[PDB]
Each structure stands twice: as C-alpha cells, then as structure tokens.
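Here the structure comes first, spelled out in structure tokens, and everything after it is commentary.
When we count neighbours, we look across all protein chains shown, and the Cβ atoms used for this are built from the backbone with ideal geometry, even at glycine. Read-outs throughout are calculated quantities, based only on the coordinates presented, and are distinct from any laboratory measurement.
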Amino acid sequence: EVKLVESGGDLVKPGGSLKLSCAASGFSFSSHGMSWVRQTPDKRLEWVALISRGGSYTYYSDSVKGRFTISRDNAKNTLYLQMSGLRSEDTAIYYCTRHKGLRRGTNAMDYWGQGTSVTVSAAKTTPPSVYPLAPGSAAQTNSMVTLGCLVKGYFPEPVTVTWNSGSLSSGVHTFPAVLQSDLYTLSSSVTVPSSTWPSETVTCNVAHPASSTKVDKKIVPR
Amino acid sequence: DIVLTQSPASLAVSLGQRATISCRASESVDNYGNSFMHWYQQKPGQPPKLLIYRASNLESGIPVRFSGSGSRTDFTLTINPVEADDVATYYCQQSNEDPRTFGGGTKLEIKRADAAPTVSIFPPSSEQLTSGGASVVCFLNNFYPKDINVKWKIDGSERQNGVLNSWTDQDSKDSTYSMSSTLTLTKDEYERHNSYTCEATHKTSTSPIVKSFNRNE
C-alpha cells in the first residue's frame, strides 16, 4: 500500500522555524513529483511548493518564496519542508501529496498524507483537562445511553479523541474545538445500548501531542 | 495566476437525485487537447481525495456515479445518483500554469426528513469540582434540519455568560446534525443553585425540549 506519513508539526513562535517531513512507502518515490499543500483554518486549500522527481527543479507559491524550502532525499523516501520566518498566516494543516506519473503534461495529486498541524503563536502550550460525563443519578434508562467526555483548556489544536481505543466507532460525535479566552475546548459523546454499560467498560482516550499528554478517562456511574 | 470560481457555494440535494457543480477559470487551462482541471473531495477530518483528473477521467477506486465535463474555462462535476456518503466539500484545481490553484470549494448537503434531537444533560464531574470549575454539558444529537436554539436556565433564570456551543458537520450515515452546549461557572456559584436546565427549540416541535439536572436529586 501507498503511504505518506507527515510529521514535524508543532506550536512555533512568530519568526521561528520548523522542519516538516513526509516518509513515503509502497511506491517508487523517485518516479513522482511531490507537493506540499496547506489548509488554513477557514478551510481554503493553498498549494505551497512543488519538487520534481529528480529534486533538480522546485517552485514555490508567492506567500512562501524566500522563506520556505522544499527538498527531497530519494535514498530515504523522504520529502522535507523547511520553514523559516514564520507568521500567523502560516498556521495550517500541511499535507504532503504525490503527483500522478502520467505523460503529456502536468498532473493531479493522487495521494495525500493525513496532514500535520502547525500553529504559529506567541501563546504557551497548555495541556487539556479531561472530565468524564456520566448521566445524572435521577435519569431514565430507555434502551440507549449517552456518555461523554469534556476536554477543556488546552492549546494549541489538535487533540484526538477515541473511545475504547477505537473499539467504539459508531454512535460517536466529536465536536469541533471552540476557542475562548485563548484556550480551546471540545467534547465528545458516545451512545451505546443500556445493557453494555456500566457492565462493560467505556473509556475516552485523549491525546494532545504538543504537550505530550495522553489521558484515558474511564466513565463511571455516580 | 489563474483564479477559479466555483458555483454554487453550497448545494442541497435529496438522496438518489442529481447534483452538478461548476468551476469557472479566469483563463484557459487547455493544452495538447487535454484540459488540466481536477476535482477533489474532502470529508471532514480527512485529506482531500482525487475524484476526477484532466476534466473527464475517473480516478481508479471511485464510484461511477462521479463524472466530469468541460473544456477551456468552464467545467462541471456531476454526481448521479447522490448518496449519504457524499457529504463533503468539493474543490476544483488547475495544474496548467504554476502556481497550482484551487477553487474556494462547494459544500454538498443532503435533504432528508425532519428529525427531532435526542437531548442529554450532564452534571459536573467531581474531579472538575475539586479544581474550582463546574461545567454542565448538553448534547443535542441527530437532528434535521440544522437550525436549532439552546437556552440555559438556572433556577428558572436564563444565563448567557459562560456558554460555549459547537456543531458537527452533517453525518455521512444518517445525514443528521449534532450539537453540544457547555455552561461553565465557579464551584462556588454552582453550589448556590439547585436546578440546571437546557432548553432546545427546533422546527420539529412547537414545544421546546427540556432536559434538567437537580442538585437535590
């Protein structure tokens, strides 16, 4: 299988620097053009930089020219993006993309990594507080039951939430983060049948890379 | 630098029906008979997926209900028949002239039957109470249509301060929406009152849906 795994994304201060990486595997790295593309928080997609199969030819968008540098090591199946002189504009999700290898002109990007997040801010990293949400003691059991998890007071984005380490995938809503007084908050709900809980165990898993946090909160009745 | 304008900005279609969306280029994207216009699908929390390359051509792995036509400066993506799993933002891109550039995207939403929300209310966790905070959380799950209003009340009295709201994108299985609403206060203030209530008002019902939590039990 084709894979592109980006990494290197972090909270950086303005005027700072960062190096992103994309490890490729499952296809001939050097038979394909590669690009970086970013997605800003308003969700525009902006192509950033491209590099030819050989690494001889590069081209950059106007907003990053003279500050960013794209490069490839064909021996290591790795694509790089060196960012310097970072501004707030540069806050985004950065995706590594592979171009199709068709003849007779320029190509589409047929495969994309999951993306790596980059936040440019003078603000400080804060780990989240994670709180279980169990139903109130007077509530009525009617077949389904909803539990949840509140993730409060962190910076920057993102956090990742899962339920029973991935074993619980359906009946899950994880709500986008909302910023207040320069700290993010989100929540996630999960709905299961009343028999399964509290008999079996329901746990939310919360990870916050930028503060190296990982919490597993078991949802217990009151 | 070529500019791509997409129409419409959003579109709503029923399951099983046809959807078409346009892309206009500021100058031609043609060369060698080929057109260098590509279409991508981005579902929330996922990277863009290539659907159609070079205007006409279907990428391998993609259902035949997707198709593209056009030439020069005018291109369309057709989805027929539309399915639940096609909720997404769609973008056109040109690769004829560097820099490569993207349209501003088109949001595809599904029409379906009205559905009332399931509402759940959650008291503060005791671990939160120990740190001096108190959040009360209300989920309003799996409703249609998207528009909805939520009101908090403490011992009868409405509160607007310390309320944070967030909405999911449309679901790709049942095509519904969801919302959470959080109310944050001090432990101190939380302990002075008894009755905490979220009141949802939604097209589905003439009466508000009330869920409530009482500190007396």
Fill in: Alpha carbon centroid spacing (whole Å) that separates the range B:16-58 from the range A:151-222
36 Å
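Filter the cross-link list A:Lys65/A:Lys100; B:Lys146/B:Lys173; A:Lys124/B:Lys43; A:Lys217/B:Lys146; A:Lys65/B:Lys43 down to pairs whose alpha-carbon distance in this structure exceeds 21 Å. Let's see the in-between values first.
Numbers: A:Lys65/A:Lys100 25 Å; B:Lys146/B:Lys173 16 Å; A:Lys124/B:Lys43 31 Å; A:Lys217/B:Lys146 31 Å; A:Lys65/B:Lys43 30 Å.
In this structure, A:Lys65/A:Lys100; A:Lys124/B:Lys43; A:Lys217/B:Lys146; A:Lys65/B:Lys43 lie more than 21 Å apart at Cα.
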Worksheet, complete the sentence: Inter-part gap, Cα centre of the range B:119-134 to Cα centre of the range A:64-89, in whole angstrom, is 44 Å
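I need the calculated FRET efficiency for the pair B:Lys173 and B:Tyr32, taking r as the beta carbon distance and R₀ as 35 Å, to the nearest 0.05.
0.25
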Worksheet entry | Likely footprinting exposure, B:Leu50, A:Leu79, A:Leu102, fewest C-beta neighbours within 10 Å first | A:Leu102, B:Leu50, A:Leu79
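For A:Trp163, A:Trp197, what ranking results if the residue with the fewest other Cβ atoms within 10 Å of its Cβ goes first?
Details: A:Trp163 24, A:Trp197 17.
Lowest count first: A:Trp197, A:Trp163.
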Response to the item:
Pseudo-spin-label distance B:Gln46 to B:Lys151, built 7 Å along Cα→Cβ, given in nm, is 3.9 nm
Discussion item. At 7 Å along Cα-to-Cβ for each site, give me the label-to-label distance between A:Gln180 and A:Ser212 in nm.
Written reply: 3.1 nm
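How high is the relative contact order of the range A:11-129, given as a whole-number percent (alpha carbon pairs under 8 Å, six or more residues apart)? Mind showing how you got there, number by number?
Working: 234 pairs, mean separation 39.0, N = 119.
The value is 33 percent.
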Response to the item:
Note: B:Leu58 to B:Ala113 extended length (0.36 nm per residue) minus current alpha-carbon separation gives 16.6 nm
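Tell me, in nm to one decimal, what length is gained between B:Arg72 and B:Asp188 on full extension, where the rule is 0.36 nm per residue of separation less the Cα-Cα distance?
Working: separation 116, 0.36 × 116 = 41.76 nm, distance 6.66 nm.
Stretched fully, the B:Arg72-B:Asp188 segment lengthens by 35.1 nm.
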Worksheet entry | Likely footprinting exposure, A:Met83, A:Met144, fewest C-beta neighbours within 10 Å first | A:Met144, A:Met83
Fill in: Whole-number D in µm² s⁻¹ for the protein assembly as shown, Kirkwood Cα-pair radius fed into Stokes-Einstein, 25 °C, 0.890 mPa s
103 µm²/s
Worksheet item: Once you put a point 7 Å from the Cα of B:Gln17 and another 7 Å from the Cα of A:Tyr59, both along the Cβ direction, what distance in nm separates them?
Response: 4.1 nm
Item to complete: Starting from one equal scatterer on each C-alpha and no solvent at all, send me the Debye-based log10 I(q)/I(0) for chain B at q = 0.10, 0.14, 0.15, 0.17 Å⁻¹, two decimals.
Response: -0.61, -0.85, -0.91, -1.05
Worksheet item: What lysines sit close enough to A:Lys218 to cross-link, taking a C-alpha to C-alpha distance under 17 Å and skipping anything fewer than 8 places away on the same chain?
Response: A:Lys152
Worksheet, complete the sentence: Here the gain from full extension of B:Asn165 to B:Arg65, 0.36 nm per residue of separation minus their alpha-carbon distance, amounts to 32.4 nm
